[PDB]
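Colleague: Following this message is one structure expressed as structure tokens.
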Amino acid sequence: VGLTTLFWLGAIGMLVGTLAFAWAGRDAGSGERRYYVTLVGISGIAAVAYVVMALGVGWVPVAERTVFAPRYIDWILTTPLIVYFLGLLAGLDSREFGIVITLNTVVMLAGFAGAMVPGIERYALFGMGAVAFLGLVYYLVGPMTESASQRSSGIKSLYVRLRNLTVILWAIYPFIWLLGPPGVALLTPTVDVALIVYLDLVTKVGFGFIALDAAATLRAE
Amino acid sequence: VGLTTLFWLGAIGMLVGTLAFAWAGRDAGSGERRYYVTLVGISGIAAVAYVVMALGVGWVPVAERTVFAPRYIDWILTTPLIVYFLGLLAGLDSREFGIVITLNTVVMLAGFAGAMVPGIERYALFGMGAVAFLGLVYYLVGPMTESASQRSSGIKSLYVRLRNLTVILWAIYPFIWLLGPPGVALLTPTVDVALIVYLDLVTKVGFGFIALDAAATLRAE
Amino acid sequence: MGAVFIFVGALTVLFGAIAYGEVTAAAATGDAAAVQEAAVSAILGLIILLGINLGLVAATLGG
Amino acid sequence: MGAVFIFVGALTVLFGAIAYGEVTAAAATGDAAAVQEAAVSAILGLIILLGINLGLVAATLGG
Ligand SMILES: *C/C=C(C)/C=C/C=C(C)/C=C/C1=C(C)CCCC1(C)C
Ligand SMILES: *C/C=C(C)/C=C/C=C(C)/C=C/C1=C(C)CCCC1(C)C
Ligand SMILES: CCCCCCCCO[C@@H]1O[C@H](CO)[C@@H](O)[C@H](O)[C@H]1O
Ligand SMILES: CCCCCCCCO[C@@H]1O[C@H](CO)[C@@H](O)[C@H](O)[C@H]1O
């Protein structure tokens, strides 16, 4: 299996999610619309990024490795949308949204910058991202969880489930960064890409399907 | 890591379980005693079998492979004790016990016999074991589950949990037989032994710990 | 949970197939060190994959 | 569930270490085919291990 084949699989998986989220949302009132639209943006952006890589664009040589710019650009655009979706469920205000989106953006910017740095100092950038990520996790399991606990049962339950998916799975990405091409390159480029396709699909499309399943249930009682 | 090292790890794990089950049972009345004693027999027999293999005994050359007689002898003795424990929870009568112990014994006898057969006809013996195993699974999830559903809530709950552990995990053993030394030998002897140690530990010691945890809870309310 | 499990079980064999293909491709080379390289990647990858699957499962069948 | 997970997470790295040792030992040989053999075993073994861990998890944190 070649890299471009894996990228095409990523694009198709994301498209399938996008179509599912769009159509599920056709049944949505003023209160639910923004959630469905957010899911469409998340998987739609990812679908296009995967197409870009599958078409052989954005493969950046860095020293003796290859870094995929569209991967990191996707994350910069889509992870704050996931954080936004979570913050909506939690019932955050603008100031709270600003904090978590900022922490999120620092992680993705640092990780992208580090991947693009040839020298050993790329690990300093990783480190900056890792600290910001611990801050984001704190916000997710602390303050945001406290905010979510004030909302309805169905909403609190969805928040916790999506929060758990997000915290556990997002924590795997930095290990793939460290062990893969940007770090010590113990994972082959193929295994690196395959792991990220699966992980992206679960954190975006799996996340969305969990939300779709909960939304149908709340509306049907 | 050598085979004997893995066998020693198996023996120690089983001993730890045995000590735990013995001591937990010191707090047990007439109604609970037989369950604790059954767990002690299960892990105690397994502990001794592992010692026997660790001491280099029972390693039987078969064609171009090595089969461990004490592994299969352990199973012949301990799996009917696990089936017995499950049947007690389910509330089986002697005739029902006889059926499931018979089906169980056919699986273990067939698997042992097949492992000891050099020729291709060992797969016929595997096949006989596999059919008997499907019969045992039916009994576990059908008739035995129906019997268990007539007992108290705490008992039915323990039965289902241990039944699920058993059905899912026991189903893995025949794949290890097929892929390991007795079958097509795609697993190395070391990987074969390591998988079986872990699996034995979960199906015996994990099983017992789940039971210990439930027993403490039922007695404490 | 069913659709979740066969999704997990099927993607694991599909990942194992990719890993196996990498090892066989390296094997076709005749270079032992190349195979070790593909194998170390496959092992690390499969360990990470467990983490992902376990994470997914714990997250959906937990509370 | 905690004691269950770190039991699962720790035994996985311990299994990966055994598998890795087998691959390195085969590598020390210089025989590419030997390494493929150790690697195929490691891959199958790790796939089976997922099944065991998933089985254990589903069975204990399910109902
Ligand atoms: C849809 C894509 C998702 C949800 C991407 C998530 C990516 C991360 C959580 C990455 C985290 C990183 C760190 C914590 C350290 C620096 C390396 C990163 C950017 C891979
Ligand atoms: C403590 C040891 C345990 C619970 C052993 C369980 C072993 C089995 C369920 C074996 C089953 C087999 C088949 C279904 C087919 C023939 C090969 C066997 C004996 C490995
Ligand atoms: C993909 C679908 C996710 C739907 C999650 C809905 C979570 C928010 O819930 C919505 O909030 C509205 C107020 O803004 C209210 O009308 C209701 O509480 C509810 O419809
Ligand atoms: C390792 C501990 C497992 C304990 C499981 C106990 C399940 C059976 O339960 C016991 O059955 C007795 C009748 O025989 C009754 O006194 C009670 O229902 C109970 O003590």
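All residue numbers given for chain A refer to Swiss-Prot; the residues shown span 2-222 in order.
Looks like X-ray crystallography, 1.9 Å, at least that's what the header says.
For all residues, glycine too, the Cβ spot is worked out from N, Cα and C.
In case it's useful when we look at the structure, here is the feature table from Swiss-Prot:
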MOD_RES   A:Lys205  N6-(retinylidene)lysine
TOPO_DOM  A:26-33  topological domain 'Cytoplasmic'
TOPO_DOM  A:56-69  topological domain 'Extracellular'
TOPO_DOM  A:118-121  topological domain 'Extracellular'
TOPO_DOM  A:150-153  topological domain 'Cytoplasmic'
TOPO_DOM  A:182-189  topological domain 'Extracellular'
TRANSMEM  A:4-25  transmembrane segment
TRANSMEM  A:34-55  transmembrane segment
TRANSMEM  A:70-91  transmembrane segment
TRANSMEM  A:95-117  transmembrane segment
TRANSMEM  A:122-149  transmembrane segment
TRANSMEM  A:154-181  transmembrane segment
TRANSMEM  A:190-222  transmembrane segment
Colleague: Looking at A:4-25, A:34-55, A:70-91, A:190-222, which one has the highest count of Cβ pairs under 8 angstroms to the transmembrane segment (A:154-181)?
Modeller: A:190-222
Colleague: Compile a sequence-ordered list of residues in the same chain as A:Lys205 (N6-(retinylidene)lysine), six or more apart from it, whose Cβ lies below 8 A from its Cβ; state 'none' when nothing qualifies.
Modeller: A:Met15, A:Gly18, A:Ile43, A:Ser44, A:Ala47, A:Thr79, A:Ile83
Colleague: According to DSSP, which kind of secondary structure is A:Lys205 (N6-(retinylidene)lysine) found in, if we only use helix, strand and coil?
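Modeller: Where A:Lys205 (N6-(retinylidene)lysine) sits, the three-state DSSP reduction gives helix.
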Colleague: Taking the transmembrane segment (A:34-55) as reference, which of A:4-25, A:70-91, A:190-222 has the most Cβ pairs under 8 angstroms?
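Modeller: Ranked by Cβ pairs under 8 Å, first place goes to A:4-25.
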Colleague: Using a Cβ cut-off under 8 Å, which residues of the same chain at least 6 positions beyond either end of the transmembrane segment (A:4-25) come close to it?
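Modeller: Contacts of the transmembrane segment (A:4-25) (Cβ under 8 Å, skipping residues fewer than 6 from its ends): 37, 40-41, 44-45, 47-49, 51-52, 54-57, 190-191, 194-195, 197-198, 201-202, 205-206, 209-210, 213, 216-217.
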Colleague: Within the topological domain 'Cytoplasmic' (A:26-33), count helix residues (DSSP H, G, I), strand residues (E, B) and coil residues, in that order.
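Modeller: Going by DSSP assignments, the topological domain 'Cytoplasmic' (A:26-33) contains 0 helix, 0 strand, 8 coil.
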